[PDB]
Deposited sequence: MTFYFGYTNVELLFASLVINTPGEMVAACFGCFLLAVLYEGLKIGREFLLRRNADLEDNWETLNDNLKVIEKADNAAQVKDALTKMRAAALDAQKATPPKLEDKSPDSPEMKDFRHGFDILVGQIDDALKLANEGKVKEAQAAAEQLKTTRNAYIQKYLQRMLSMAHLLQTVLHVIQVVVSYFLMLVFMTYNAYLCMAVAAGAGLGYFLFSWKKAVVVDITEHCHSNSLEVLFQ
């Protein structure tokens, strides 16, 4: 009826899956545990990829600052660009020739930025503005199109959200069986699954 302990005549989501022995029950419990882990890693993983897309900020920081520059306040705009250029260079698609091309474009960006600052530190204004207009040639050349990284990330995240929703309902359905062994397997799988993929995000860098 209602929170029972059993390994007999217990159906599990699908007509083919029924468990009538203890050895079947452990296999059912192991799967419902693993599904409960998989879910927690899915939700946390899906967030981590969403936060990494930060790129959208850096990308807007660069392009917003170019219009801000295009009157010796330019140096502060370019120092904001340099910072944004370096965090943007670290970026990588989720698990190399396009990357090596992308990364090496950003080196040229950061170098050009330093040269435009070198004019602003000496005091030269109009010339530092002319150099910044050349900067937008470089981002078009290397960085702009590869935007691919951002589109890939959004789709991947849509695909994951669907799977996250299916699994949630599936875990509701196994809990709804009212079998205390399955229910506990889910609960324990939620606890430990969260703890582990929580720990792996702490292994990767932690800011904000």
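Asks: In sequence order, which deposited residues have no C-alpha?
Replies: Seq positions lacking coordinates: 54, 72-75, 101-107, 159, 222-234.
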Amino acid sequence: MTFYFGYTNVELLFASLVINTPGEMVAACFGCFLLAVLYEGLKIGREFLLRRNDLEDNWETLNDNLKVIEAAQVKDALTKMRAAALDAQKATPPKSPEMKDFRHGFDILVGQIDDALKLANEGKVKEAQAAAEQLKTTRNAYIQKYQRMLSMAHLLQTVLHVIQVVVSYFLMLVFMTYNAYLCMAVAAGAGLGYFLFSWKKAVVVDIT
From here on, numbers count along this sequence of modelled residues.
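Asks: Please work out which of 186-194 and 18-26 has the higher mean CA B-factor as recorded in the PDB entry.
Replies: The recorded data point to 18-26.
Asks: Highest mean C-alpha temperature factor of the two stretches 60-68 and 40-48, which is it?
Replies: Per the deposited B-factors, the answer is 60-68.
Asks: Would you mind ranking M176 by its C-alpha B-factor against the rest of the chain and naming the third, lowest, middle or highest?
Replies: For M176, the deposited C-alpha B-factor lands in the lowest third.
Asks: Sorting the chain's modelled residues by C-alpha B-factor, tell me whether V162 ends up in the lowest, middle or highest third.
Replies: Tercile = lowest for this residue's CA B-factor.
Asks: Ranked by Cα temperature factor within the chain, is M152 in the lowest third, the middle third or the highest third?
Replies: As the PDB entry reports it, the C-alpha B-factor of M152 lands in the middle third of its chain.
Asks: Ranking every modelled residue in this chain by its Cα temperature factor as given in the entry, which third contains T2?
Replies: For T2, whose C-alpha B-factor we compare with every modelled residue in the chain, the answer is the lowest third.
Asks: If you rank every modelled residue in this chain by C-alpha B factor, which third holds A141: lowest, middle or highest?
Replies: Highest third.
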